[PDB]
Amino acid sequence: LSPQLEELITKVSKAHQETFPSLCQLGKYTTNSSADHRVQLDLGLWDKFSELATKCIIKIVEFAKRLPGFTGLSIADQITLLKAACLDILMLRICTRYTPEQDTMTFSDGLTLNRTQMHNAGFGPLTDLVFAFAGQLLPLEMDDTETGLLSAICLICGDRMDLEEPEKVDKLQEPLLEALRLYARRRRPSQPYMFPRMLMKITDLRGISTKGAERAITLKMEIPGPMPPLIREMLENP
Ligand SMILES: CC1=C(/C=C/C(C)=C/C=C/C(C)=C/C(=O)O)C(C)(C)CCC1
Numbered sequence: 182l183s184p185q186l187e188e189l190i191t192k193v194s195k196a197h198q199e200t201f202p203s204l205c206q207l208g209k210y211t212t213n214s215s216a217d218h219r220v221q222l223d224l225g226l227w228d229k230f231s232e233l234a235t236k237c238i239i240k241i242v243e244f245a246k247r248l249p250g251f252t253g254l255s256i257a258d259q260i261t262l263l264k265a266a267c268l269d270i271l272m273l274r275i276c277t278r279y280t281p282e283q284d285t286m287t288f289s290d291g292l293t294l295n296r297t298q299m300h301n302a303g304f305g306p307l308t309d310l311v312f313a314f315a316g317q318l319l320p321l322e323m324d325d326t327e328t329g330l331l332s333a334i335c336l337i338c339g340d341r342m343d344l345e346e347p348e349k350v351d352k353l354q355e356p357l358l359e360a361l362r363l364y365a366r367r368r369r370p371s372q373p374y375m376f377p378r379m380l381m382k383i384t385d386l387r388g389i390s391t392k393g394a395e396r397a398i399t400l401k402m403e404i405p406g407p408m409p410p411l412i413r414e415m416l417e418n419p
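Note that PDB author numbering has the sequence shown beginning at 182, numbered continuously upward.
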């Protein structure tokens, strides 16, 4: 139904907004920690970072629980999808919080770190790639609903291994693909390549997140304690 599609767009949009404040709504604040230059790892920063990442994962789970039919999958599947797409979405999220002018990224509490600090916080040799991926997201000029829809598409993917009902997941993803094309084309009929362009960006995102996963490895060797529990759950995945 057209009305059905219109409401799916609103629901997803709202769940995204409610679980992820736009840069504009944030009371930005900074820190002086290792703003100087790049070091292997700033623990005070990784600490603030892992806390913000953990709270983010919880917000992603809340977002997933609010997508139509997610909650209808078996618990096994809900966890499988969450584990498999969580890093992707965490990456899409901070990359949409990037300010080209200041070359910064803002987290959900307003904490705004420059490139050096993102590096020092744990991104290590992967920070410039993340920043370059973020920069390449800019031309897409996506709004909160498109970002919300793109996220719902990354998460509800029936091609993950270990899925008990891939078929149900594929049926759930379908309307999301439709809502995004309709919405994207309605908003910008002047540029019909936006929809396939956003879709192709899913592939890029899966490439940076796999590199993010590799970074968690070396990072594990570098921190003085185990990584936060929810972060560990996320990184245990096929
Ligand atoms: C967990 C983790 C990583 C990525 C974190 C990301 C992508 C966090 C996003 C946070 C947001 C988006 C916070 C907020 O909005 O407050 C990297 C790649 C360093 C590897 C080590 C463990």
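Each residue gets a CB set at the ideal place from its N, CA and C atoms; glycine is no exception.
In the DSSP annotation of this structure, the continuous segment of the beta strand (DSSP E) that includes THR293 starts and ends at 293-295.
By the 16-neighbour rule on beta-carbons within 10 angstroms, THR384 is exposed.
Closest option to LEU226, judged by alpha-carbon separation, among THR293, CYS335, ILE412: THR293.
At a Cβ-Cβ threshold of 8 Å, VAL220 and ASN295 do not count as neighbours. Measuring C-alpha to C-alpha distances from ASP258 to each of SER215, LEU268, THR191, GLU348 identifies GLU348 as the nearest.
Under the Cβ criterion (8 Å, minimum of three pairs), the segment 390-403 counts as touching the segment 265-272. The residue from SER183, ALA397, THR328, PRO419 with its alpha-carbon nearest to that of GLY303 is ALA397. Counting C-beta pairs closer than 8 Å gives fewer than three between the segment 228-240 and the segment 328-343, which falls short of the contact rule. Residues close to ligand 1 by the beta carbon criterion (under 6 Å to any non-hydrogen atom) are, from first to last along the chain, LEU233, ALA234, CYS237, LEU271, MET272, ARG274, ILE275, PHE288, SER289, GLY303, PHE304, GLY393, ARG396, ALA397, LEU400, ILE412.
The residue among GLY291, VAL311, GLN372 with its C-alpha nearest the C-alpha of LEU386 is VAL311. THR287 is bridged by DSSP to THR293. Residue pairing by DSSP places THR326 in no beta bridge whatsoever. Closest in C-alpha terms to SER183, from the list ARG369, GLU359, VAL242, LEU400, comes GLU359. From the listed residues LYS192, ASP223, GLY316, the smallest Cα separation to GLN283 is found for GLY316.
DSSP links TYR374 through a beta bridge to no other residue. By the Cβ neighbour-count rule, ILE256 is exposed, with fewer than 16 other Cβ atoms within 10 Å of its own. Cβ neighbours of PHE244 within its own chain (closer than 6 Å, five residues either side excluded): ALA196, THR200. Approximately 26 Å separates the beta-carbon atoms of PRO320 and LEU186; this is outside 8 Å, ruling out the contact. For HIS300, there is no enclosing alpha helix (DSSP H), as DSSP marks it with neither H nor E.
Per DSSP, reduced to three states, the secondary structure at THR280 is strand.
Beyond the five residues adjoining it in sequence on each side, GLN298 comes within less than 8 Å, by CB distance, of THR212, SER214, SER215, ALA216, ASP223, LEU226 in the same chain, given in chain order.
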